[PDB]
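As structure tokens, the structure follows; a few thoughts come after it.
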Amino acid sequence: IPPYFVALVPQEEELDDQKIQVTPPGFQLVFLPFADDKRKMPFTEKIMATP
Amino acid sequence: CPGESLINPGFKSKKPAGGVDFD
Amino acid sequence: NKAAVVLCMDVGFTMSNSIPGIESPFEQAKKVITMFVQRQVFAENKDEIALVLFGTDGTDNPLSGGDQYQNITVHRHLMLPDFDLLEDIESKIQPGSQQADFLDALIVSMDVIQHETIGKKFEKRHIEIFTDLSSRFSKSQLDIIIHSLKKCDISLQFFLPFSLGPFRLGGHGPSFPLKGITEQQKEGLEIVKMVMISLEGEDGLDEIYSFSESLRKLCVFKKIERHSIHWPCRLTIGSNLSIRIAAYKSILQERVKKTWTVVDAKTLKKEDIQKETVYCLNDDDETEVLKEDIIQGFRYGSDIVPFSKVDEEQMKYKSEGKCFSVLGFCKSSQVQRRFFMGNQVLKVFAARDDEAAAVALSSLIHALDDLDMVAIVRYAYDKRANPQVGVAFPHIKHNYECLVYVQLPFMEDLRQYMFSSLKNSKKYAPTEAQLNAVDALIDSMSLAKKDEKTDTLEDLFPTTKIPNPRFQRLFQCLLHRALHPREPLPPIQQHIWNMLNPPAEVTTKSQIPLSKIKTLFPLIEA
DNA sequence: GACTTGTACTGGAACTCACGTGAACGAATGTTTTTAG
């Protein structure tokens with residue numbers, strides 16, 4: 001299978017007042033898109049909004 | 001263990017789906 | 001939407017000068033052009049490609065009137081690329097024994113673009129030049145060149161052996177060290193910079209790439225790539241407020257458009273092989289049942305409940321399709337990236353051409369950004385599409401602003417798993433020396449660098465800009481099989497590995513901390 | 001030594017889960033050709 005570039009983001013354990021685990025500790029594996037996985041958006045003039 | 005589903009032991013009892021509740 | 005691309009290439013003696021330890025510029029330019037042609041051909045793109053070589057011994061250009069525009073040959077005219085072009089690039093194109101400037105070659109390329117594109121309609125015209133800038137040239141025709149380029153709406157791109165110890169192609173490092181550049185090369189670079197500034201302003205500087213850099217950037221197709229279609233809808237914040245919007249697929253995984261067809265070994269035809277599916281009962285006789293005598297059913301815990309397709313369609317959930325409604329607004333901190341779902345990211349802008357919708361969308365985006373909020377919304381592509389709940393958050397840039405939409409999970413889409421804690425374990429607790437070793441390893445393997453007194457991180461390994469290697473590998477293998485039917489597939493190209501690997505500096509710095517970690521941490525397989 | 005009965009161990013297959021590949025239908029939109037007013 002072709003390889004994919006990924007990021008391991010640390011994830012610390014978090015518990016609520018009930019003392020029950022809600023976010024397990026470990027790493028979050030996030031898939032990073034390649035160059036060809038993106039798309040080009042059409043050019044659009046930027047119009048600001050008044051306060 | 002507190003907050004444990006009676007129907008399925010080993011899985012925490014998910015709260016009922018409420019939806020959008022404006023403050 | 002078609003396009004015309006004229007590839008201008010130097011084949012002079014200087015291009016063949018292979019400095020020891022560094023690949024010659026001729027080979028790098030050949031590789032870049034081969035990659036471009038492979039992408040254009042194997043993608044079945046309706047793009048016209050022509051090839052002009054300047055520096056050849058002969059002269060085969062329309063401007064060869066007298067002793068001007070010599071040593072320039074139009075190798076291929078403006079016609080659809082085929083395996084013939086790839087074969088000519090690979091084998092029957094050798095460096096010339098004469099040196100020619102790139103200005104007459106560029107004039108010849110413009111003349112080809114003008115003359116050939118007379119009976120056809122092309123939305124974009126592009127010219128790419130691969131040169132070393134190591135030849136004498138005259139500036140007498142620079143102004144006319146710029147005027148013609150501006151009038152004819154022709155884009156320009158330059159590729160040079162050097163960008164603006166060991167050397168690796170596409171290795172995320174310095175291709176040509178800045179020690180040995182000739183004065184003529186500096187003059188050519190300055191002229192190219194002047195031309196680019198005079199054409200696209202300051203933005204033209206970024207369009208001067210290098211062969212090694214271009215091999216892992218996908219820049220060659222930047223000016224010919226087609227825009228995605230727009231999905232029009234109406235963002236709804238209530239029952240009387242609606243904003244016309246258009247959504248595009250900003251990020252979507254790219255797959256292979258071409259499939260594989262099963263063919264017979266003896267004869268390479270798909271019509272001699274037939275695939276059929278049959279249904280049989282649970283009897284020793286293997287009784288056959290027609291498709292019309294089949295009913296859909298579902299399992300209900302050891303009990304089979306028949307459920308016909310018509311009944312399912314009648315009783316399936318029904319909703320009004322093509323809806324983009326805002327369920328509510330919630331603090332951005334309440335939405336976490338780890339919960340993102342789906343396989344696409346949507347970018348929502350205002351309608352095609354209307355100031356009112358643009359103003360409304362800008363107001364909403366600015367309000368969300370200032371208040372640190374995101375919109376929980378309901379998304380449905382059409383009537384058939386299953387409705388989904390997603391999060392839309394503002395995305396403001398110096399040149400454009402929009403709403404980025406990503407799907408969110410449902411209650412049953414979340415898996416509740418229990419994992420043992422690691423911070424309160426007396427058996428897996430690391431020691432101070434182990435923590436110091438890990439810290440040293442992390443410090444020695446940083447892919448981001450701090451710039452000089454400006455507080456701007458620079459990425460050393462921007463994997464987001466690297467093309468998917470699978471497409472290049474498939475194209476190279478297909479071309480090798482086509483041109484060499486009686487040979488096995490070749491190994492993976494070195495530059496692919498170089499671009500898929502981090503800079504050698506990171507490894508060199510990390511050698512020591514890795515050894516320290518190995519010594520400190522005992523690891524034994526079970 | 002040959003047969004029978006009872007108990008314990010164990011690797012392969014069935015099941016499930018998840019992903020990738022390819023083919024087919026319909027919705028929605030856009031674009032081109034042809035024909036009545």
Side-chain angles (χ1 to χ4, degrees), chain A residues 1-6 28-34 36-37 39 41-42, chain B residues 8 10-11, chain C residues 1-2 42-44 46 120-123 226-235 244-249 252-263 270-271 273-279 282 291-292 294 296-304 308-310 312-314 316-325 338 340-344 346 348-354 378-388 407 409-410 412-417 468-471 473-475 477-478:
Chain A
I1 209 166
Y4 226 77
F5 281 115
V6 301
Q28 194 207 140
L29 212 163
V30 182
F31 283 79
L32 293 160
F34 274 119
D36 35 33
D37 290 312
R39 302 237 179 289
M41 308 281 97
Chain B
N8 302 110
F11 311 89
Chain C
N1 260 18
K2 301 157 76 203
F42 296 119
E44 297 290 79
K46 305 221 212 317
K120 303 136 182 203
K121 54 212 171 313
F122 294 159
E123 295 302 320
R226 173 172 301 151
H227 297 103
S228 171
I229 68 184
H230 84 125
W231 181 74
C233 203
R234 265 167 331 107
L235 189 141
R244 299 213 311 155
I245 50 140
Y248 310 85
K249 285 178 180 53
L252 188 77
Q253 186 148 221
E254 184 47 50
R255 315 270 194 184
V256 192
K257 215 213 315 201
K258 200 96 168 155
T259 56
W260 289 105
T261 57
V262 165
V263 299
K270 79 173 283 325
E271 308 296 14
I273 283 199
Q274 193 84 40
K275 174 142 61 53
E276 58 164 12
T277 186
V278 78
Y279 309 107
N282 270 6
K291 184 154 188 84
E292 180 263 308
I294 292 293
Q296 170 162 107
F298 291 91
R299 184 171 291 289
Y300 203 65
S302 87
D303 262 304
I304 283 297
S308 44
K309 259 170 178 298
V310 313
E312 167 164 339
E313 237 298 355
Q314 175 128 340
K316 86 193 212 200
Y317 169 82
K318 285 141 191 336
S319 49
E320 323 199 83
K322 199 115 185 176
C323 85
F324 205 79
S325 45
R338 46 181 199 110
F340 285 7
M341 291 265 288
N343 263 97
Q344 50 146 19
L346 252 63
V348 187
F349 312 81
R352 277 196 289 199
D353 308 307
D354 58 346
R378 171 187 168 95
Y379 178 62
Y381 198 73
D382 46 19
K383 314 208 306 313
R384 312 184 99 186
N386 303 132
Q388 52 203 60
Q407 206 197 136
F410 290 114
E412 79 255 30
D413 292 13
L414 306 151
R415 300 278 171 85
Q416 266 81 39
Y417 295 160
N468 200 327
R470 94 184 280 179
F471 300 123
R473 175 62 160 154
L474 169 66
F475 298 158
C477 294
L478 285 165

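Values below: all heavy atoms of this structure, side chains included; hydrogens, waters and symmetry mates excluded. Below, read A as the first sequence line, B as the second, and so on, with proteins coming before strands; counting in each chain starts at 1.
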Which nucleotide in the list [options] gets nearest to the side chain of [X]?
| X | options | answer |
| --- | --- | --- |
| C:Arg255 | D:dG22, D:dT21, D:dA28 | D:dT21 |
| C:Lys383 | D:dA23, D:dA28, D:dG26 | D:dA28 |
| C:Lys322 | D:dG20, D:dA28, D:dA23 | D:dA28 |

Distance, nearest 0.5 Å, that separates CG of C:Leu346 from CZ of C:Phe324: 7.0 Å

Just call it for C:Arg470: base, sugar-phosphate, or nothing, with non-hydrogen atoms closer than 4.0 Å on any strand. sugar-phosphate

Need one value for C:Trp231: base, sugar-phosphate or nothing, where a base atom within 4.0 Å counts as base even if backbone is also close, heavy atoms only. nothing

Could you tell me whether the phosphate oxygens of D:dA18, OP1 or OP2, come under 4.0 Å of any side-chain nitrogen or oxygen in C:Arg415? yes

Closer than 4.0 Å, any side-chain N/O of C:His230 to the OP1 or OP2 of D:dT29? no

Residues C:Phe349, C:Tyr248; criterion ring pair (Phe, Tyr, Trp, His ring centres under 6.0 Å); working and verdict: CA-CA 8 Å; C:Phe349 312 81; C:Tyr248 310 85; 5.6 Å; yes

How long is the line joining [atom1] of [X] and [atom2] of [N], in whole Å?
| X | N | atom1 | atom2 | value |
| --- | --- | --- | --- | --- |
| C:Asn1 | D:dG30 | CG | P | 15 Å |
| A:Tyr4 | D:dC19 | OH | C1' | 14 Å |
| C:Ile229 | D:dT29 | CD1 | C1' | 8 Å |

Toward the 5' end of DNA chain D, by each residue's nearest nucleotide, C:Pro232 or C:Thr261: C:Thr261

Of C:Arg352 and C:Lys258, the one whose nearest nucleotide on DNA chain D sits closer to the 5' end is C:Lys258

Classify the angle between the aromatic ring planes of C:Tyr381 and C:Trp231 as parallel (below 30°), tilted (30 to 60°) or perpendicular (above 60°). parallel

Assess whether a salt bridge exists between C:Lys309 and C:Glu312, defined as any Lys/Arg side-chain N lying under 4.0 Å from an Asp/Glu carboxylate O. no

